[PDB]
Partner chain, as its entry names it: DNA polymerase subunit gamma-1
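Take a look at this one chain, the form deposited without its partner chain, written out in structure tokens.
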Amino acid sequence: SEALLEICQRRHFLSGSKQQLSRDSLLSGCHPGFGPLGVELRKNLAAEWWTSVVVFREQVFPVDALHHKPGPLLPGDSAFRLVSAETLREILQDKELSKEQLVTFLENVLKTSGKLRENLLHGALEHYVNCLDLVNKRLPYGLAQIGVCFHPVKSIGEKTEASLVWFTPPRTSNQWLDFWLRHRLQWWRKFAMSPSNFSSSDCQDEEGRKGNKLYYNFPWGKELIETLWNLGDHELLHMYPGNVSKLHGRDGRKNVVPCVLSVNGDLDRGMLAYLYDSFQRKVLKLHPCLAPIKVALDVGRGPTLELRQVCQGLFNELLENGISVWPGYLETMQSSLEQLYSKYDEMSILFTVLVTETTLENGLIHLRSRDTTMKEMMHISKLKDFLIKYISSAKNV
């Protein structure tokens, strides 16, 4: 057992009670949601993911699908139907065969009501043709999407998935799959403290043949976080009946129906994975590129109005450049310093600059660290360009 989900509550990472934030509730997507920090943490994570596949080599396009699969479905699906509430009402009236009409109706529902998306892949495929234009017709190119998906556990679970659908030709097909497992796997470790607990695996036949899975070692045993698959041309054809020559882009001097590779990661569980990976003096050593609030900062020995003057010149300063500040220079008592440092260790901050009078009578402040825990002396004017480096640095490594 661990008291991480404790800190995570007190510091607004996870949200909800101590009963509705169950372990099985956290993983099934049935939690009550996230705290501002969890939101910010997932937000960067989402951001990083994006820069990794989509920004970089832009042959990838963000695409926008709906959250529900409308119209008539197949026999079963087991997923919940979306029934227009104000229809149920008009049924608890009418009296129209208050025994037989209200018993044949429910046969229309099951067959004519929509549902909520199980994945981001359908909406991806639904775009292929329209988007196959956008690149003359050359392959391969992807369609990236990051969004919420509803999976049943009866209760409903919500998960924020990141999805990249790669449209590559059969030849390179099984090859690209390699590339991506590598890319993905390499990506997760990039921000891990124990990259040893992020592993990969083989497997096949679930909608084609050939696929891997990325796992993360929770203090209680491996749990899935990202899956890869080479579906082939299957669903592409099944979705796009008719002229096959309406599909296929180009491998070279010859047109060919592309194979559908599919990457899918669970961001909310990837979230957790990181919050566990940074714990076991409390402290969360969340990677610099994923830390919710890059740097707090208060005021110390000296005046007051005068002292929290540059604070805002900084708060803004750091902000005009992409540095998440935590203005704590607006609370009260010195709240100690150990009671103010151990705390930010929990909030998983990165540095803790403190401005004092001995800052005005010169031009220096003193940032402490979360790791090296040193209490250095710094020239309050080379702090911006410093953070921008340290951070962008923790990136390159």
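Numbering follows the first chain given and starts at 1.
Trainee: Count, per the entry, the deposited residues between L237 and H238 that are not modelled, and return the matching class: none, 1 to 3, 4 to 9, or 10 or more.
Mentor: Going from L237 to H238, the model skips no residues of the deposited sequence.
Trainee: With respect to the deposited sequence, is there a break between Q280 and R281 in this entry, and if so is it 1 to 3, 4 to 9, or 10 or more residues, or none at all?
Mentor: In the record, 10 or more residues between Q280 and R281 lack coordinates.
Trainee: Which has the higher mean CA temperature factor in the PDB entry, 130-138 or 296-304?
Mentor: According to the PDB entry, the answer is 296-304.
Trainee: Do the CA atoms of 97-105 or those of 139-147 have the higher mean B-factor in the entry?
Mentor: The recorded data point to 97-105.
Trainee: Maximum C-alpha temperature factor per the entry, among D251, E206, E118, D268, belongs to which one?
Mentor: Spelled out: the listed residue with the top C-alpha B-factor is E206.
Trainee: Based on what the PDB entry reports, which of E48, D345, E357, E40 has the top C-alpha B-factor?
Mentor: Comparing C-alpha B-factors across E48, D345, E357, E40, the maximum falls on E357.
Trainee: Please rank the C-alpha B-factors of the chain's modelled residues and tell me whether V353 sits in the lowest, middle or highest third.
Mentor: For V353, whose C-alpha B-factor we compare with every modelled residue in the chain, the answer is the lowest third.
Trainee: Ranking every modelled residue in this chain by its Cα temperature factor as given in the entry, which third contains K154?
Mentor: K154: CA B-factor falls in the highest third of its chain.
Trainee: So where's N217 on the chain's Cα temperature factor ranking, which third?
Mentor: Middle third.
Trainee: Give the position of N174 by CA B-factor within its chain, expressed as the lowest, middle or highest third.
Mentor: Its C-alpha B-factor belongs to the highest third of this chain's values.
Trainee: Quick check for you: using the entry's CA B-factors within this chain, is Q59 in the lowest, middle or highest third?
Mentor: CA B-factor rank for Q59: middle third.
There is another form of this protein, the form deposited with its partner chain bound, and it is not shown here; the text below is about that form.
Trainee: Given a 4.5 Å cut-off on heavy atoms, tell me which of 241-249, 257-265, 172-180, 217-225 is the interface stretch with its partner chain in the entry with it bound.
Mentor: The contacting stretch here is 172-180.
Trainee: Residue-level question: is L26 within 4.5 Å of its partner chain in the entry with it bound, judged on heavy atoms?
Mentor: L26 lies outside the contact set for its partner chain.
Trainee: Heavy atom to heavy atom, is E306 within 4.5 Å of its partner chain in the entry with it bound?
Mentor: Yes, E306 is a contact residue.
Trainee: Would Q339 sit within 4.5 Å of its partner chain in the entry with it bound, counting heavy atoms only?
Mentor: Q339: no, not in contact with its partner chain in the entry with it bound.
Trainee: Using a 4.5 Å heavy atom cut-off, state whether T352 contacts its partner chain in the entry with it bound.
Mentor: Contact with its partner chain, no.
Trainee: Note that its partner chain is not shown here; using its position in the entry with it bound, name the residues of 343-376 with a heavy atom within 4.5 Å of it, in sequence order.
Mentor: The stretch 343-376, when checked against its partner chain in the entry with it bound, contributes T359, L360, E361, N362, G363 at the 4.5 Å heavy-atom cut-off.
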